[PDB]
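# Structure assessment
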Amino acid sequence: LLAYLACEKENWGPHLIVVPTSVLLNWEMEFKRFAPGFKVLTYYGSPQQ
DNA sequence: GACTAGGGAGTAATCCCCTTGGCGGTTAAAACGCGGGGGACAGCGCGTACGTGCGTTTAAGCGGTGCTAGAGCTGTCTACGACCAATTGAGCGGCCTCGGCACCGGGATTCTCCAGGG
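Let me sum up the structure you'll find in this document.

### Details of the overall build of chain A
When its secondary structure is counted, chain A shows two helices and zero strands. Based on the C-alpha atoms only, the size of chain A along its principal axes is roughly 35 × 20 × 15 Å.

Written out as structure tokens, the structure is:
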């Protein structure tokens, strides 16, 4: 769905994926193996980083 | 005068929202440990600034005096302050905003360390 929105429409602005903690890595890998044309951010890991 | 009709209280069933405990998940603050280095402190030397003895004087205590202007108490009155309430407005009790505060980001600016040569 997001890939279709990014291809058919010129809008691929910052979207949010709210997920449980356990799948936090899996999602960023889910379209790493799959469509990699997006820039993914992972938010976790102490205040510093 | 005998019995009739209707509605809010008495009795009761419904709802249902409100919390008592325990337990798991997850982030943040607290807890612990090492390399190394800068702060604490000894050993010491000294000089010069006081610690101390003695001469030679001004000065507080001494001893007394003659009063002098400010301080305590005696009437005495009278201007004023603590005694009811009508008031009626100065101001507080409860609610509704939008704005300054909360707080984080991009950047310019600034504060600090080093391994070398200069």
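So, next bit.
### Side note on the layout of surface pockets
Its volume calculated, the largest pocket comes out at about 770 Å³. In this structure, the largest pocket is lined by 23 residues; those nearest its centre are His15, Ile17, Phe31, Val40 and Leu41. Here the residues of the lining of the largest pocket are counted per class, giving 18 nonpolar, three polar and two charged.

### A short note on unusual backbone geometry
Positive phi, normally seen in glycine, also occurs at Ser46, with a value near 70°. Mapped onto the elements, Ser46 comes out in the segment after α2 (24–33). Classification of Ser46 by relative accessible area gives partly exposed; the value is 46%.

### What about a nonpolar patch on the surface?
Together, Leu1, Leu2, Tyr4, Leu5, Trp12, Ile17, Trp27 and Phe38 make up an exposed nonpolar region whose accessible area comes to about 860 Å². Here the nonpolar patch gets three residues from one element, more than from any other, and that element is helix α1 (residues 2–8). Of note, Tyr4 is situated in helix α1.

### A short note on the packing of aromatic side chains
Applying the stated criterion across every chain, the model contains one aromatic pair. Geometrically, the ring pair formed by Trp12 and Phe38 is edge-to-face, given 6.2 Å between the ring centres and 70° between the ring planes. Placement of the pair is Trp12 in the loop between α1 and α2 and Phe38 in the segment after α2, with a sequence separation of 26 residues. Relative accessible area serves as the criterion here: at 31%, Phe38 is assigned to the partly exposed category. The residue whose ring lies beneath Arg33 is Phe34, and the NZ or CZ to ring-centre distance is 5.0 Å.

About the thresholds
Residues numbered from 1 in each chain as written, not as in the entry; some residues may be left out. Chains lettered and ligands numbered in written order. Part of a larger assembly, values for the part shown. Heavy atoms only, no water. Residues with missing side-chain atoms left out of burial classes, pairs and counts. Helix = DSSP H or I, 4+ residues; strand = E, 2+ residues; numbered from the N terminus. 1 Å grid on protein atoms, 1.4 Å probe; cavity = no way out; pocket = protein on both sides within 12 Å on 5 of 7 lines; lining within 4 Å. Points joined across faces, edges and corners; volume = space filled by probe spheres on them. Nonpolar A, V, L, I, M, F, W, Y, C, P; charged D, E, K, R; others polar. Buried < 20%, exposed > 50% of the residue type's maximum accessible area, 1.4 Å probe, protein only. Patch = residues over 30% accessible without salt bridge, like charges linked within 9 Å, V, L, I, M, F, W, Y side chains within 5 Å. Areas by Shrake-Rupley, 256 points an atom, 1.4 Å probe, with all protein chains shown as cover. Salt bridge = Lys/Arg side-chain N within 4 Å of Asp/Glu carboxyl O. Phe/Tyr/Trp six-rings, centres within 6.5 Å; stacked < 30°, edge-to-face > 60°. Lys NZ or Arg CZ within 6 Å of the ring centre and 35° of its normal.

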